[PDB]
């Protein structure tokens, strides 16, 4: 799923599928590079605030990313270990938004994003480190 995101959105089962069912929190975040200034490409590509959906086990953050067709590698790390990222809905080409979810452990605030963007067959632009900072910690609420 997170090895190639623009291949991922090619699955027809995912188009305009519903991701909005259930209880959710809205948490604004910041997206910063390794000098702690905004990562402007990611800043621009991901919707702020972020829908966080409640589950039985851990809260699952949902990310809203445009130009999904030009996104390639999107890896999200919590305490430097890989989260199992998966694609839930995609919105076709005048829209070109991909919708992804991953579990986060109660208490998490910072998140690591290893990403890359490539147009068609061209130059792949690797984005080494992107720090995602929720404006407040994330806590699951199974009570809903």
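Positions refer to the first chain, counted from 1.
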Fill in: 75-83 or 35-43, whichever carries the higher mean Cα B-factor
75-83
Discussion item. Using only C-alpha atoms and the B-factors in the entry, which stretch averages higher, 132-140 or 16-24?
Written reply: 16-24
Discussion item. Among the modelled residues of this chain, does the Cα B factor of residue 55 put it in the lowest, middle or highest third?
Written reply: highest
Fill in: Within-chain third of residue 92 by Cα B-factor, per the entry
middle
